[PDB]
file model.cif (mmCIF, C-alpha atoms and all ligand atoms)
data_upload
loop_
_atom_site.label_atom_id
_atom_site.label_comp_id
_atom_site.auth_asym_id
_atom_site.auth_seq_id
_atom_site.Cartn_x
_atom_site.Cartn_y
_atom_site.Cartn_z
CA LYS A 8 -27.92 -13.81 -16.58
CA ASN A 9 -29.65 -11.52 -14.08
CA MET A 10 -26.47 -12.27 -12.16
CA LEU A 11 -23.94 -10.05 -10.41
CA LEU A 12 -20.36 -11.35 -10.55
CA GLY A 13 -18.20 -9.96 -7.77
CA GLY A 14 -15.35 -10.40 -5.32
CA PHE A 15 -15.98 -9.20 -1.78
CA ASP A 16 -13.23 -7.97 0.54
CA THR A 17 -14.66 -6.84 3.88
CA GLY A 18 -12.63 -5.39 6.74
CA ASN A 19 -13.11 -3.02 9.67
CA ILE A 20 -12.33 0.09 7.64
CA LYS A 21 -14.08 -0.53 4.32
CA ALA A 22 -16.20 -3.11 2.54
CA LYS A 23 -14.62 -3.56 -0.88
CA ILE A 24 -16.13 -5.04 -4.03
CA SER A 25 -14.79 -5.81 -7.50
CA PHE A 26 -17.45 -6.74 -10.06
CA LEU A 27 -18.03 -7.20 -13.78
CA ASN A 28 -19.81 -4.22 -15.32
CA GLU A 29 -21.96 -4.31 -18.46
CA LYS A 30 -18.94 -4.00 -20.77
CA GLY A 31 -17.40 -7.04 -19.10
CA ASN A 32 -14.69 -5.09 -17.29
CA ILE A 33 -13.75 -5.00 -13.61
CA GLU A 34 -15.25 -2.16 -11.58
CA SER A 35 -14.20 -1.51 -7.98
CA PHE A 36 -15.35 0.67 -5.08
CA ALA A 37 -15.52 0.65 -1.28
CA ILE A 38 -18.11 1.43 1.39
CA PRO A 39 -16.86 2.47 4.86
CA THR A 40 -17.89 0.06 7.62
CA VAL A 41 -20.21 2.61 9.22
CA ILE A 42 -23.98 2.56 9.68
CA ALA A 43 -26.62 4.58 11.51
CA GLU A 44 -30.35 4.19 12.14
CA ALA A 45 -32.37 6.23 9.65
CA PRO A 46 -36.00 7.40 9.30
CA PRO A 47 -38.27 5.30 7.02
CA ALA A 48 -38.12 8.05 4.39
CA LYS A 49 -35.99 10.79 2.80
CA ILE A 50 -34.91 14.01 4.55
CA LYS A 66 -15.99 9.16 -9.46
CA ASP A 67 -18.07 6.97 -7.12
CA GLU A 68 -20.67 9.71 -6.57
CA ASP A 69 -23.46 7.16 -6.20
CA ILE A 70 -22.20 5.92 -2.82
CA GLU A 71 -21.74 9.37 -1.29
CA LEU A 72 -25.34 9.43 -0.07
CA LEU A 73 -26.59 5.99 0.96
CA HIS A 74 -30.00 5.99 2.64
CA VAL A 75 -31.38 2.49 2.15
CA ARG A 76 -34.11 0.19 3.42
CA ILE A 77 -32.95 -3.40 3.85
CA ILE A 78 -35.20 -6.45 4.13
CA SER A 79 -33.24 -9.58 5.02
CA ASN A 80 -33.55 -12.60 7.31
CA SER A 81 -29.81 -12.31 7.92
CA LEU A 82 -30.74 -9.36 10.12
CA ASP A 83 -32.55 -9.75 13.46
CA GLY A 84 -34.32 -7.84 16.23
CA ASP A 85 -34.95 -4.13 15.68
CA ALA A 86 -33.05 -4.39 12.38
CA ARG A 87 -35.33 -6.89 10.62
CA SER A 88 -36.51 -4.48 7.98
CA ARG A 89 -35.83 -0.77 8.45
CA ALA A 90 -33.83 2.11 7.00
CA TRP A 91 -30.13 2.91 7.44
CA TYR A 92 -27.54 5.52 6.61
CA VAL A 93 -24.60 3.61 5.12
CA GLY A 94 -20.93 4.43 4.59
CA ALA A 95 -19.76 8.01 4.12
CA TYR A 96 -23.16 9.56 4.84
CA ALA A 97 -23.40 7.52 8.05
CA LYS A 98 -20.03 8.79 9.27
CA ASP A 99 -21.48 12.28 9.78
CA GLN A 100 -24.31 11.02 11.99
CA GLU A 101 -24.20 11.33 15.78
CA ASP A 102 -25.94 7.95 15.88
CA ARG A 103 -23.26 6.19 13.85
CA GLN A 104 -22.24 2.65 14.76
CA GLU A 105 -18.64 1.64 14.10
CA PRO A 106 -16.56 -1.50 14.78
CA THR A 107 -15.45 -1.41 18.42
CA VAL A 108 -11.88 -2.19 19.45
CA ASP A 109 -10.46 -2.92 22.91
CA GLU A 110 -7.29 -1.28 24.22
CA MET A 111 -5.29 -4.26 22.94
CA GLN A 120 -21.47 -12.33 15.73
CA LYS A 121 -24.21 -9.89 16.74
CA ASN A 122 -22.40 -6.82 15.49
CA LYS A 123 -23.11 -8.56 12.19
CA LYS A 124 -25.24 -5.73 10.80
CA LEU A 125 -22.10 -3.59 10.84
CA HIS A 126 -20.71 -5.87 8.14
CA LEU A 127 -23.84 -7.26 6.48
CA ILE A 128 -25.44 -3.89 5.72
CA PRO A 129 -22.47 -2.31 3.91
CA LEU A 130 -21.95 -5.66 2.17
CA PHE A 131 -25.53 -5.91 0.89
CA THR A 132 -25.45 -2.20 0.04
CA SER A 133 -22.37 -2.66 -2.16
CA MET A 134 -24.16 -5.48 -3.96
CA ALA A 135 -27.16 -3.23 -4.53
CA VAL A 136 -25.06 -0.31 -5.75
CA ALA A 137 -23.28 -2.62 -8.20
CA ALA A 138 -26.62 -3.94 -9.45
CA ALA A 139 -27.96 -0.42 -9.94
CA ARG A 140 -24.78 0.47 -11.84
CA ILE A 141 -25.31 -2.33 -14.35
CA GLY A 142 -29.04 -1.62 -14.56
CA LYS A 143 -30.51 -4.77 -13.03
CA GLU A 144 -33.20 -4.95 -10.35
CA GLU A 145 -32.92 -8.64 -9.49
CA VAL A 146 -29.54 -10.33 -9.21
CA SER A 147 -28.33 -13.73 -8.08
CA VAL A 148 -25.00 -13.16 -6.34
CA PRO A 149 -22.60 -16.10 -5.98
CA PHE A 150 -20.48 -15.03 -3.02
CA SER A 151 -16.73 -14.96 -3.62
CA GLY A 152 -15.05 -13.58 -0.52
CA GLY A 153 -12.54 -14.41 2.20
CA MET A 154 -12.03 -14.65 5.95
CA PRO A 155 -9.30 -13.84 8.51
CA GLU A 164 -16.50 -21.37 6.29
CA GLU A 165 -19.99 -22.71 5.60
CA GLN A 166 -21.04 -21.32 8.99
CA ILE A 167 -20.23 -17.82 7.73
CA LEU A 168 -21.62 -18.51 4.25
CA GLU A 169 -25.00 -19.59 5.66
CA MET A 170 -25.17 -16.21 7.40
CA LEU A 171 -25.33 -14.72 3.90
CA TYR A 172 -27.73 -17.18 2.26
CA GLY A 173 -31.25 -16.04 1.47
CA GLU A 174 -33.00 -13.18 -0.28
CA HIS A 175 -32.14 -9.57 0.53
CA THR A 176 -33.99 -6.51 -0.72
CA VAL A 177 -32.30 -3.11 -0.76
CA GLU A 178 -34.38 0.00 -1.43
CA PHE A 179 -32.73 3.37 -2.08
CA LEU A 180 -34.60 6.18 -0.33
CA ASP A 181 -32.21 8.87 -1.55
CA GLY A 182 -29.24 9.50 -3.83
CA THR A 183 -28.52 8.57 -7.44
CA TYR A 184 -30.68 5.45 -7.29
CA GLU A 185 -33.56 6.83 -5.22
CA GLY A 186 -36.72 4.79 -5.71
CA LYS A 187 -34.85 1.76 -7.02
CA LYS A 188 -35.50 -1.64 -5.45
CA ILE A 189 -32.92 -4.40 -5.81
CA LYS A 190 -33.59 -8.04 -4.91
CA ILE A 191 -30.38 -9.89 -4.02
CA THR A 192 -30.27 -13.70 -4.04
CA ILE A 193 -27.31 -15.61 -2.59
CA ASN A 194 -27.52 -19.37 -3.18
CA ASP A 195 -23.89 -20.45 -3.23
CA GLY A 196 -20.40 -19.18 -2.44
CA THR A 197 -16.83 -19.76 -1.29
CA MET A 198 -14.34 -18.12 1.05
CA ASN A 199 -11.32 -18.78 -1.20
CA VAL A 200 -9.33 -20.32 1.64
CA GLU A 201 -6.93 -22.64 -0.18
CA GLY A 202 -5.11 -22.56 -3.51
CA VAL A 203 -4.09 -19.62 -5.68
CA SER A 204 -7.51 -17.97 -5.35
CA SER A 205 -6.21 -15.22 -3.07
CA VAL A 206 -3.36 -14.43 -5.46
CA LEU A 207 -5.10 -14.65 -8.86
CA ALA A 208 -4.93 -10.88 -9.42
CA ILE A 209 -1.12 -11.03 -9.60
CA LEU A 210 -1.25 -12.82 -12.96
CA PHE A 211 -4.69 -12.28 -14.46
CA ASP A 212 -7.00 -9.44 -15.47
CA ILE A 213 -10.54 -9.31 -16.81
CA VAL A 214 -10.90 -7.15 -19.92
CA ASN A 215 -14.25 -8.35 -21.27
CA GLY A 216 -12.75 -11.66 -20.10
CA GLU A 217 -10.48 -13.17 -19.32
CA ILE A 218 -6.86 -12.27 -19.99
CA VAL A 219 -3.39 -12.60 -18.45
CA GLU A 220 -1.52 -9.59 -17.04
CA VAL A 221 0.91 -7.85 -19.41
CA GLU A 222 4.00 -8.91 -17.43
CA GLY A 223 5.04 -11.80 -15.21
CA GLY A 229 6.70 -20.12 -7.06
CA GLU A 230 5.62 -23.15 -5.05
CA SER A 231 5.93 -21.31 -1.75
CA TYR A 232 4.91 -17.66 -1.62
CA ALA A 233 3.74 -15.00 0.81
CA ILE A 234 0.93 -12.56 0.14
CA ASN A 235 1.34 -9.34 2.11
CA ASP A 236 -1.82 -7.24 2.00
CA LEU A 237 -0.84 -3.81 3.32
CA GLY A 238 -4.01 -2.13 4.57
CA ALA A 239 -5.29 0.96 6.36
CA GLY A 240 -5.47 -0.37 9.92
CA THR A 241 -3.96 -3.80 9.34
CA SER A 242 -1.36 -5.83 7.46
CA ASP A 243 -2.19 -9.37 6.36
CA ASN A 244 0.91 -11.57 6.17
CA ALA A 245 -0.30 -14.84 4.66
CA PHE A 246 1.96 -17.72 3.63
CA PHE A 247 0.96 -20.30 1.03
CA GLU A 248 2.94 -23.54 0.87
CA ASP A 249 2.27 -26.27 -1.72
CA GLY A 250 -1.24 -25.12 -2.61
CA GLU A 251 -2.12 -24.68 1.05
CA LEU A 252 -2.50 -21.71 3.37
CA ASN A 253 -0.08 -22.15 6.27
CA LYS A 254 -2.48 -21.41 9.12
CA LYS A 255 0.39 -21.57 11.62
CA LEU A 256 2.65 -18.86 10.18
CA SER A 257 -0.02 -16.74 8.47
CA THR A 258 -0.20 -13.73 10.78
CA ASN A 259 -2.06 -10.43 10.94
CA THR A 260 -0.83 -7.19 12.50
CA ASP A 261 -2.18 -3.70 13.15
CA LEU A 262 0.66 -2.24 11.08
CA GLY A 263 -1.53 -0.07 8.86
CA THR A 264 -1.16 3.25 7.08
CA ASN A 265 -3.63 5.15 9.25
CA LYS A 266 -1.20 5.81 12.09
CA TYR A 267 1.33 7.23 9.63
CA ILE A 268 -1.43 9.26 7.98
CA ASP A 269 -2.54 10.55 11.39
CA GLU A 270 0.99 11.69 12.17
CA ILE A 271 1.41 13.47 8.84
CA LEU A 272 -1.87 15.32 9.40
CA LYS A 273 -0.70 16.27 12.89
CA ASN A 274 2.47 17.84 11.52
CA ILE A 275 0.65 19.67 8.71
CA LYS A 276 -1.84 21.34 11.05
CA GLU A 277 1.06 22.10 13.39
CA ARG A 278 3.04 23.62 10.51
CA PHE A 279 0.16 26.05 9.97
CA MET A 280 -0.36 26.79 13.67
CA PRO A 296 -8.16 21.19 6.53
CA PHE A 297 -9.11 17.61 5.69
CA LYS A 298 -12.29 15.96 6.99
CA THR A 299 -11.25 12.32 6.60
CA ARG A 300 -8.09 10.31 5.91
CA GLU A 301 -9.66 9.34 2.59
CA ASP A 302 -10.14 13.03 1.80
CA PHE A 303 -6.43 13.53 2.49
CA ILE A 304 -5.49 10.52 0.37
CA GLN A 305 -7.89 11.35 -2.47
CA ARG A 306 -7.35 15.10 -2.80
CA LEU A 307 -3.66 15.40 -1.90
CA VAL A 308 -1.84 12.07 -2.16
CA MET A 309 -3.37 9.97 -4.97
CA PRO A 310 -2.63 12.47 -7.79
CA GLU A 311 1.05 12.65 -6.82
CA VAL A 312 1.40 8.87 -6.50
CA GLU A 313 -0.07 8.33 -9.97
CA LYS A 314 2.47 10.74 -11.44
CA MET A 315 5.27 8.86 -9.67
CA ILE A 316 3.96 5.58 -11.09
CA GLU A 317 3.77 6.54 -14.76
CA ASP A 318 7.11 8.41 -14.65
CA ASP A 319 10.15 7.52 -12.53
CA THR A 320 11.84 10.93 -12.84
CA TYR A 321 8.90 12.75 -11.27
CA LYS A 322 9.50 14.25 -7.83
CA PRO A 323 6.20 14.85 -5.99
CA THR A 324 4.98 18.10 -4.44
CA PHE A 325 2.45 18.42 -1.62
CA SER A 326 0.82 21.76 -0.82
CA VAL A 327 -2.20 22.30 1.43
CA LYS A 328 -4.59 25.24 1.24
CA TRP A 329 -6.06 26.04 4.65
CA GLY A 330 -7.89 29.33 5.15
CA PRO A 331 -6.01 32.36 3.76
CA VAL A 332 -2.74 30.40 3.84
CA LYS A 333 -1.11 27.91 1.48
CA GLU A 334 1.76 25.76 2.78
CA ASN A 335 4.26 23.51 1.05
CA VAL A 336 4.32 20.35 3.16
CA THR A 337 6.14 18.04 0.74
CA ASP A 338 8.86 17.28 3.29
CA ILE A 339 6.23 16.44 5.91
CA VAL A 340 4.26 14.02 3.74
CA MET A 341 7.36 12.34 2.29
CA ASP A 342 8.81 11.80 5.76
CA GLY A 343 5.71 9.90 6.86
CA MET A 344 5.58 7.94 3.62
CA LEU A 345 9.19 6.76 3.85
CA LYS A 346 8.76 6.06 7.57
CA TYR A 347 5.90 3.74 6.59
CA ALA A 348 7.97 2.26 3.77
CA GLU A 349 10.99 1.62 6.00
CA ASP A 350 8.79 0.05 8.68
CA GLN A 351 7.13 -2.12 6.04
CA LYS A 352 10.50 -3.05 4.53
CA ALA A 353 11.55 -4.29 7.98
CA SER A 354 8.28 -6.12 8.60
CA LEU A 355 8.39 -7.87 5.22
CA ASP A 356 11.98 -9.06 5.65
CA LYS A 357 11.44 -10.78 9.00
CA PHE A 358 8.37 -12.50 7.58
CA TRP A 359 10.44 -13.51 4.57
CA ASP A 360 12.96 -15.08 6.94
CA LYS A 361 10.34 -16.67 9.21
CA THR A 362 8.64 -18.48 6.33
CA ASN A 363 11.64 -18.54 3.98
CA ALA A 364 9.20 -18.28 1.09
CA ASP A 365 10.62 -18.38 -2.44
CA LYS A 366 8.74 -15.23 -3.47
CA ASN A 367 7.11 -12.38 -1.54
CA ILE A 368 4.08 -10.67 -3.05
CA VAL A 369 3.17 -7.24 -1.70
CA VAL A 370 -0.29 -5.79 -2.33
CA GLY A 371 -2.88 -3.42 -0.88
CA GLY A 372 -3.19 0.35 -0.77
CA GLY A 373 -0.07 0.53 1.39
CA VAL A 374 1.95 -0.26 -1.73
CA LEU A 375 0.62 2.95 -3.26
CA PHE A 376 0.75 5.14 -0.14
CA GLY A 377 4.37 4.18 0.47
CA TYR A 378 5.27 3.89 -3.22
CA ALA A 379 8.14 6.37 -2.85
CA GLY A 380 10.02 3.87 -0.71
CA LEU A 381 8.32 0.56 -1.51
CA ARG A 382 9.00 0.79 -5.25
CA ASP A 383 12.52 -0.39 -4.38
CA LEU A 384 10.95 -3.85 -4.10
CA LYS A 385 10.67 -3.97 -7.90
CA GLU A 386 14.46 -4.32 -8.12
CA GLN A 387 14.55 -6.96 -5.39
CA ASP A 388 14.44 -10.60 -6.43
CA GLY A 389 12.13 -12.47 -4.08
CA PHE A 390 9.69 -9.57 -3.99
CA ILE A 391 6.77 -9.19 -6.39
CA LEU A 392 4.76 -6.00 -6.78
CA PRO A 393 1.65 -6.17 -8.95
CA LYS A 394 2.47 -5.05 -12.48
CA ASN A 395 -0.77 -3.15 -12.87
CA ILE A 396 0.32 -1.47 -9.65
CA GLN A 397 -2.42 1.16 -9.92
CA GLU A 398 -4.89 -1.57 -8.95
CA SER A 399 -2.94 -2.75 -5.90
CA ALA A 400 -5.53 -1.53 -3.38
CA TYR A 401 -8.22 -3.83 -4.76
CA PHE A 402 -5.89 -6.79 -5.33
CA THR A 403 -7.69 -9.17 -2.98
CA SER A 404 -11.23 -8.37 -4.12
CA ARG A 405 -10.03 -8.58 -7.73
CA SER A 406 -8.56 -12.00 -6.91
CA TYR A 407 -11.90 -13.12 -5.48
CA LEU A 408 -13.70 -11.81 -8.57
CA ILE A 409 -11.42 -13.70 -10.94
CA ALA A 410 -11.85 -16.82 -8.81
CA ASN A 411 -15.61 -16.30 -9.04
CA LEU A 412 -15.62 -16.03 -12.84
CA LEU A 413 -13.54 -19.20 -13.07
CA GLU A 414 -16.08 -20.91 -10.82
CA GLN A 415 -18.89 -19.98 -13.21
CA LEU A 416 -17.06 -21.57 -16.15
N1 LIG B 1 -3.71 5.29 -5.23
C1 LIG B 1 -3.38 5.45 -3.93
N2 LIG B 1 -2.41 6.32 -3.56
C2 LIG B 1 -2.06 6.50 -2.28
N3 LIG B 1 -2.63 5.84 -1.25
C3 LIG B 1 -3.61 4.93 -1.48
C4 LIG B 1 -4.05 4.68 -2.86
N4 LIG B 1 -5.02 3.74 -2.78
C5 LIG B 1 -5.18 3.43 -1.47
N5 LIG B 1 -4.33 4.14 -0.69
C6 LIG B 1 -4.21 4.08 0.78
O1 LIG B 1 -3.61 2.85 1.20
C7 LIG B 1 -4.12 2.48 2.48
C8 LIG B 1 -4.53 1.02 2.47
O2 LIG B 1 -5.78 0.91 1.81
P1 LIG B 1 -6.55 -0.50 1.71
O3 LIG B 1 -5.52 -1.59 1.51
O4 LIG B 1 -7.66 -0.35 0.70
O5 LIG B 1 -7.13 -0.64 3.21
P2 LIG B 1 -8.13 -1.83 3.66
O6 LIG B 1 -7.92 -2.91 2.63
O7 LIG B 1 -7.64 -2.21 5.04
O8 LIG B 1 -9.49 -1.18 3.63
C9 LIG B 1 -5.30 3.39 2.77
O9 LIG B 1 -4.92 4.31 3.80
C10 LIG B 1 -5.55 4.15 1.49
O10 LIG B 1 -5.93 5.50 1.75
MG MG B 2 -7.74 -4.92 2.84
#

call {"tool": "encode", "arguments": {"input": "model.cif", "output": "structure tokens"}}
result
Amino acid sequence: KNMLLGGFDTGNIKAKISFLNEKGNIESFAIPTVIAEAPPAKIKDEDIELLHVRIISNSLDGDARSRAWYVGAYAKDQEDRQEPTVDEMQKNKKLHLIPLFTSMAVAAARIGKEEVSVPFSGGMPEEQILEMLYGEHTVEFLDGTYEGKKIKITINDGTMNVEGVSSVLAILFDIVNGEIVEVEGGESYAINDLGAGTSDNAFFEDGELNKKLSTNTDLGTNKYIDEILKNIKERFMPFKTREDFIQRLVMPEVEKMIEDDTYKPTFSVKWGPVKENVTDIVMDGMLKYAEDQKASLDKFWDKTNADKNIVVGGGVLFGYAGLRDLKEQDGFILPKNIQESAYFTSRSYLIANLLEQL
């Protein structure tokens, strides 16, 4: 006890966590990989909307030893903001450490604990990276829902879930108080994690990750989202972030499509004194993404000739209109609790973590 049980899925867009709440169920959220330097003091998922925290950790160095930061969404609106840099084709570690530690703190505050030991269950694209996380980290909230709260994080042990079925555990198992099998259900399989800026095409063969064939591409949803937003604004001539677009406009329609196959979705945007029906625009981009993913998945199927192909990530949901065809394809496996497809990997790491502590 006094222990936070979580799976940690960190990328360049978001830092994702799936953890056990007080009622023993899985709780998931994400913190954008964005930080900004902040003054020592104050100036669904509401508690992460304003993250102004002080972090004391030996995993940080230089003029970041022990100071205050704006983290995630609230950092994105700062001129100072630091984001992952990408060429036209470490020691930026605080970009990843800070949102990571922050997510641990937020989770701890959610379950009402001030001091948590956190066995690290994550993944990488081992011990060298784990030792970068070892030690004691204090996170103090200077604003927001948990203002004045001080959380002491202790990371003694961990794993990066490299080999075995650890990465795929969420395809078969859930945690409802703990620890049950999924309501519906080979030796060589591919896990395709369809993400925002990336697509992870991993191939597991005989209990082993095939490090040769396991590839990673920039085939994400963001480019297709960008295009849709270009055509919407152009249709008028609205949304602050892509997440805003996904949350306010897309997610409600996708959920309706999930829980009822006869439902045809509608997309209308209210901008100024004008309201436009842009259903055709959004659907075009969705299917374009689906078709492109269909093509990408097939040629990876052929390259590995895996027995089964598992498709996960938020891309499954964003392109559900087209990608739901995979449910009637033998050799393709969509998660059955498809509503939780975005947090598949972090949920897998969480389940692997609970099994470790048993
Ligand atoms: N329920 C949903 N409906 C529609 N789109 C979603 C849903 N959940 C996530 N997405 C979208 O799917 C894309 C992939 O998200 P995700 O896999 O979480 O990215 P990453 O793992 O790279 O951070 C994102 O653009 C996200 O906005
Ligand atoms: Mg991801």

call {"tool": "closest_residue", "arguments": {"input": "model.cif", "among": "A:32, A:387, A:81, A:147", "to": "residue 121 of chain A", "atoms": "only C-alpha atoms"}}
result
A:81

call {"tool": "residues_near_point", "arguments": {"input": "model.cif", "point": "(-22.2, -10.5, 3.3)", "cutoff": "10 Å", "atoms": "only C-alpha atoms", "output": "list in words"}}
result
residues 15, 16, 17, 22, 81, 123, 124, 126, 127, 128, 129, 130, 131, 132, 133, 134, 150, 151, 152, 167, 168, 169, 170, 171, 172 and 193 of chain A

call {"tool": "residues_around", "arguments": {"input": "model.cif", "residues": "segment 345-353 of chain A", "least_positions_apart": "6", "cutoff": "6 Å", "atoms": "all atoms listed in the file", "output": "number ranges by chain"}}
result
A: 377, 380-381

call {"tool": "atom_distance", "arguments": {"input": "model.cif", "atom1": "atom CA of residue 42 of chain A", "atom2": "atom CA of residue 99 of chain A"}}
result
10.0 Å

call {"tool": "closest_residue", "arguments": {"input": "model.cif", "among": "A:37, A:250, A:181, A:400", "to": "residue 199 of chain A", "atoms": "only C-alpha atoms"}}
result
A:250

call {"tool": "closest_residue", "arguments": {"input": "model.cif", "among": "A:83, A:261, A:230, A:201", "to": "ligand MG 2 (chain B)", "atoms": "all atoms listed in the file"}}
result
A:261

call {"tool": "closest_atom_pairs", "arguments": {"input": "model.cif", "of": "chain A", "to": "ligand MG 2 (chain B)", "cutoff": "9 Å", "atoms": "only C-alpha atoms and all ligand atoms", "output": "tab-separated table"}}
result
residue	atom	partner	partner_atom	distance
A:16	CA	B:MG2	MG	6.7
A:17	CA	B:MG2	MG	7.3
A:18	CA	B:MG2	MG	6.3
A:19	CA	B:MG2	MG	8.9
A:20	CA	B:MG2	MG	8.3
A:21	CA	B:MG2	MG	7.9
A:22	CA	B:MG2	MG	8.7
A:23	CA	B:MG2	MG	7.9
A:236	CA	B:MG2	MG	6.4
A:237	CA	B:MG2	MG	7.0
A:238	CA	B:MG2	MG	5.0
A:239	CA	B:MG2	MG	7.3
A:240	CA	B:MG2	MG	8.7
A:241	CA	B:MG2	MG	7.6
A:242	CA	B:MG2	MG	7.9
A:243	CA	B:MG2	MG	7.9
A:371	CA	B:MG2	MG	6.3
A:372	CA	B:MG2	MG	7.8
A:400	CA	B:MG2	MG	7.4
A:401	CA	B:MG2	MG	7.7
A:402	CA	B:MG2	MG	8.6
A:403	CA	B:MG2	MG	7.2
A:404	CA	B:MG2	MG	8.5

call {"tool": "closest_residue", "arguments": {"input": "model.cif", "among": "A:263, A:149, A:14, A:343", "to": "ligand LIG 1 (chain B)", "atoms": "all atoms listed in the file"}}
result
A:263

call {"tool": "closest_residue", "arguments": {"input": "model.cif", "among": "A:84, A:196, A:202, A:153", "to": "residue 24 of chain A", "atoms": "only C-alpha atoms"}}
result
A:153

call {"tool": "closest_residue", "arguments": {"input": "model.cif", "among": "A:165, A:122, A:49, A:339", "to": "residue 197 of chain A", "atoms": "all atoms listed in the file"}}
result
A:165

call {"tool": "axis_aligned_box", "arguments": {"input": "model.cif", "around": "ligand LIG 1 (chain B)", "padding_each_side": "8 Å", "output": "AutoDock Vina command-line options"}}
result
--center_x -5.8 --center_y 1.8 --center_z -0.1 --size_x 23.4 --size_y 25.4 --size_z 26.3

call {"tool": "residues_near_point", "arguments": {"input": "model.cif", "point": "(11.9, -17.0, 5.2)", "cutoff": "12 Å", "atoms": "only C-alpha atoms", "output": "PyMOL selection string"}}
result
chain A and resi 231-233+246+248+256+354-367+389

call {"tool": "residues_around", "arguments": {"input": "model.cif", "residues": "residue 86 of chain A", "least_positions_apart": "5", "cutoff": "10 Å", "atoms": "all atoms listed in the file", "output": "list in words"}}
result
residues 44, 77, 78, 79, 80, 81, 91 and 124 of chain A

call {"tool": "residues_around", "arguments": {"input": "model.cif", "residues": "segment 177-179 of chain A", "least_positions_apart": "6", "cutoff": "9 Å", "atoms": "only C-alpha atoms", "output": "count of residues only"}}
result
18

call {"tool": "atom_distance", "arguments": {"input": "model.cif", "atom1": "atom CA of residue 309 of chain A", "atom2": "atom CA of residue 104 of chain A"}}
result
28.3 Å

call {"tool": "build_atoms", "arguments": {"input": "model.cif", "residues": "segment 130-141 of chain A", "atoms": "N, CA and C atoms", "output": "PDB file, keeping the file's coordinate frame"}}
result
ATOM      1  N   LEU A 130     -22.153  -4.607   3.155  1.00  0.00           N
ATOM      2  CA  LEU A 130     -21.950  -5.660   2.170  1.00  0.00           C
ATOM      3  C   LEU A 130     -23.113  -5.732   1.186  1.00  0.00           C
ATOM      4  N   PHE A 131     -24.326  -5.873   1.717  1.00  0.00           N
ATOM      5  CA  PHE A 131     -25.530  -5.910   0.890  1.00  0.00           C
ATOM      6  C   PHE A 131     -25.672  -4.627   0.083  1.00  0.00           C
ATOM      7  N   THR A 132     -25.336  -3.499   0.703  1.00  0.00           N
ATOM      8  CA  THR A 132     -25.450  -2.200   0.040  1.00  0.00           C
ATOM      9  C   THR A 132     -24.542  -2.127  -1.181  1.00  0.00           C
ATOM     10  N   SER A 133     -23.325  -2.651  -1.049  1.00  0.00           N
ATOM     11  CA  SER A 133     -22.370  -2.660  -2.160  1.00  0.00           C
ATOM     12  C   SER A 133     -22.889  -3.521  -3.302  1.00  0.00           C
ATOM     13  N   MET A 134     -23.549  -4.620  -2.958  1.00  0.00           N
ATOM     14  CA  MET A 134     -24.160  -5.480  -3.960  1.00  0.00           C
ATOM     15  C   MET A 134     -25.257  -4.734  -4.704  1.00  0.00           C
ATOM     16  N   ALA A 135     -26.062  -3.986  -3.955  1.00  0.00           N
ATOM     17  CA  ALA A 135     -27.160  -3.230  -4.530  1.00  0.00           C
ATOM     18  C   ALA A 135     -26.657  -2.115  -5.438  1.00  0.00           C
ATOM     19  N   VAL A 136     -25.646  -1.389  -4.971  1.00  0.00           N
ATOM     20  CA  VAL A 136     -25.060  -0.310  -5.750  1.00  0.00           C
ATOM     21  C   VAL A 136     -24.504  -0.840  -7.072  1.00  0.00           C
ATOM     22  N   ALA A 137     -23.828  -1.982  -7.007  1.00  0.00           N
ATOM     23  CA  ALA A 137     -23.280  -2.620  -8.200  1.00  0.00           C
ATOM     24  C   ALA A 137     -24.388  -3.010  -9.173  1.00  0.00           C
ATOM     25  N   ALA A 138     -25.488  -3.523  -8.633  1.00  0.00           N
ATOM     26  CA  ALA A 138     -26.620  -3.940  -9.450  1.00  0.00           C
ATOM     27  C   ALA A 138     -27.267  -2.739 -10.134  1.00  0.00           C
ATOM     28  N   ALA A 139     -27.393  -1.642  -9.394  1.00  0.00           N
ATOM     29  CA  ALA A 139     -27.960  -0.420  -9.940  1.00  0.00           C
ATOM     30  C   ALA A 139     -27.052   0.173 -11.015  1.00  0.00           C
ATOM     31  N   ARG A 140     -25.745  -0.014 -10.856  1.00  0.00           N
ATOM     32  CA  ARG A 140     -24.780   0.470 -11.840  1.00  0.00           C
ATOM     33  C   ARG A 140     -24.942  -0.236 -13.178  1.00  0.00           C
ATOM     34  N   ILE A 141     -25.193  -1.540 -13.132  1.00  0.00           N
ATOM     35  CA  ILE A 141     -25.310  -2.330 -14.350  1.00  0.00           C
ATOM     36  C   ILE A 141     -26.767  -2.464 -14.799  1.00  0.00           C
TER      37      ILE A 141
END
